[PDB]
Structures are given as structure tokens and as C-alpha cells.
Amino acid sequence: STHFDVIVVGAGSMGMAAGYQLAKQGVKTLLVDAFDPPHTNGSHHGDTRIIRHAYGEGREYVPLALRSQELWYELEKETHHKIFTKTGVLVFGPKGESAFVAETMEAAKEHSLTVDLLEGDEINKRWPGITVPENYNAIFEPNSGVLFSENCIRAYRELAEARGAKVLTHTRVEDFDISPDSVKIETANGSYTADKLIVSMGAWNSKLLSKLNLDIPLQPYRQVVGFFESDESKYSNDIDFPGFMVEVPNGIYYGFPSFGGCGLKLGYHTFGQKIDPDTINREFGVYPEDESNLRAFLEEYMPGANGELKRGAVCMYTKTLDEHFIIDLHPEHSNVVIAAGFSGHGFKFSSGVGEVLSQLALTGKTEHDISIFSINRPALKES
């Protein structure tokens, strides 16, 4: 077993980023993961992830989004792994009927973000492959884009390990023992202690936070994505087809241009199966909704991308009641940091969250404004 300065439980999107930030500073860190990140059992696989700046979930996310983007460019320069591609991100929906589109526009105004505003046929004309009604409007963000999530984690890990961070893989943490001046974790592979603890177990936060005497409503969701054979002359990243997140009458959908002919990737954001991370069925197609919900969108808005299903993936969201993250110190233990409930839209922020967690762990404070992610906020229902 062993003592460390800081122990990160759950070395995924947020945990690995935090580990890199801590290692960068010579802090002796131990990262423990139930698997070997990047892997396919958590919430970070599927190759790609969208990063937006003009934020429809709330203009208050923009600062963290912009910091995260600069950190993603810094990472790109530090590793041989591909990190980011500037595909741009298109957001559209029925004019005057999408709160999501409206807040994106408002967020762009408020932070002076570079965006293109277009409507109806202008959308169809600019991007062959997209067919929306004339009453639809859109906001395009040219400088945001796509992150290669597994590469990001792969890179952060290599860099952190090179700096002395230790990563104990295939080791599930089973319990916590917190004291006024130190922390302790129990695993089948042994116990470990440290001065500070960062808890970032993803979907498992919903099951294991009780071990830290925390009772926070968190619901894991089974969320699938599909890769479809597409008309490359319209949907390839090479011809500038963008990443997208749109709101139509029956929900919100997000997708990616085809990269090297992998096909257009699509996901249905507002619907998923309520599940438990330990019993979830990770095979794509076991629910008729998996493929049908995707094709229903494609046949209507992007017909040339409604070809054979090339690959399907199953992944998880961990939602809070207000769908805002939880990044804060444990209410009763200043030496414990919690990172949870990223509600299906937290990867783009993982670089910035890594920095935030590092600062909270080492100082109990952060230069970032994270009040909207407070663990004590009412809309969370925390006890």
C-alpha cells in the first residue's frame, strides 16, 4: 500500500486531467482506476467528443470552456497523439422554439464569441447534406470543434506518468476512510493513504458516494451512438462538414463529420435508459430505440448519411437534477474533492476541470469561479 500527496480515485476524463496537473507540479500522485484508461466501460470512449464555446446549457460555462480550449491546444503541442480538429460546431432548431439555440446565441453575444448566424435555406446551401425547414435558424461556431477523447486521456496519462505519477489499474476502490488530517482508500489490491483525495468515478459516483456519507441524487443513463455509412462528398471533415448539436421538436441530437471515412456519428442526447453501471448492457442494438431513434433524425435532416450502420457504441451519462456539474470540496472534509454528475456534456471541460481539481486539492480553493457547480446548491438536493 503506500502514502502519497494526493490520491485520485477514478482516472478517467476528469481524474487523468487532474493527475497531469498535479504531476506537472512535482506533487506525488497516485491514480487508481477499476480498468485501464482509456477504456470502454466508462463515459469517455467512442473516439470523439464535441467542444463548444457558445454554450446553450448556460452562458456561465463559457469561461471554463475557453480555458479548456486553450489547455487542449497546449496538450496538442505536448504529445504525439492527435487532440483536436477545428470542425466548427453548428447549432440549429425551429426559430423561436429552441431554448438551447437561444442561450447559445445569447452566450455568444455576452462573451463576444465569433459566430455566424444563418436561417432556413442558407443552412442547406452552405452545407450540402443538411436539410432543414425554412423556419429553422442556426448559429455556427467556426473555432470550436472535435476532441479525440481517448487520445486526450492516453496523452494526459503518458505525461503524468513521465512526471512520476503512479497509475494503479484494474483496481476497484471499495471503501473510503477519511480522517481530519489524511485520507485512505481500500481495494482488493491493498490500502493507500494520502493528504488529499480527488473522487472522480463517473457513473460509479452514483453508487459509491454514499461511502463518503454523501447522499446526492445522481442517475446514470445508457446513451448510444451510431456511425453510419455516409456520402463522403458531403459529410467528410475534409469538405468541412461540421460537428453539431441541434434541438428539434422531439429532442436534442449531436453528431460528428466523417473522419477518414469512419462515417457520420450521431447520438440522441435527451433520451436514454436509466441504468446501473455494474449491470448496464453495453451491446448496441438490444433496444429497438438504439438504431431507430438515430435513423429517424437522419432520414429527416441529413438523408445522405442514413446508410449502413458501420459501428455502434454504448456509453454512460451521469445526470444531476439540474444537469449542472458537481465540482467542490466535500461538505465535511476539506481534504476531499468531488467531481461528479457531468450530465452528458462534460468532456470538453475535462482539461479545465483537471486544473480546478488540482487547485482545490492542493489549496482548498481555485482561481476559477465554480459556484454554479457547488455541492451545497439547492437544485442539487444534496444531503
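We number the residues from 1 along the sequence you see.
(request) Check the entry's C-alpha temperature factors for 142-150 and 169-177, then say which stretch has the higher mean. (result) Result: 169-177.
(request) Would you mind comparing 280-288 and 71-79 for me and telling me which has the higher average C-alpha temperature factor in the entry? (result) It is 280-288 that shows the higher mean C-alpha B-factor.
(message) Among the choices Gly255, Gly202, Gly96, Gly88, identify the one whose CA B-factor in the record is greatest.
(response) Checking the PDB record, the top C-alpha B-factor among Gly255, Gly202, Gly96, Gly88 is at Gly96.
(message) Per the entry's Cα B factor values, which of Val225, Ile198, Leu118, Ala160 stands out as the maximum?
(response) Of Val225, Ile198, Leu118, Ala160, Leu118 has the highest C-alpha B-factor.
(message) Is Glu355 in the lowest, middle or highest third of its chain when residues are ranked by C-alpha B-factor?
(response) Answer is lowest: the recorded C-alpha B-factor places it there.
(request) Could you say whether, by C-alpha temperature factor, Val27 belongs to the lowest, middle or highest third of its chain? (result) Highest third, going by the recorded CA B-factors of the chain.
(request) Could you tell me which third, lowest, middle or highest, the C-alpha B-factor of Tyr192 occupies within its chain? (result) Lowest third.
(request) Can you work out whether the C-alpha temperature factor of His324 puts it in the lowest, middle or highest third of the chain? (result) Middle third.
(request) Going by the recorded CA B-factors, say which third of the chain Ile370 sits in, lowest, middle or highest. (result) CA B-factor rank for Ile370: highest third.
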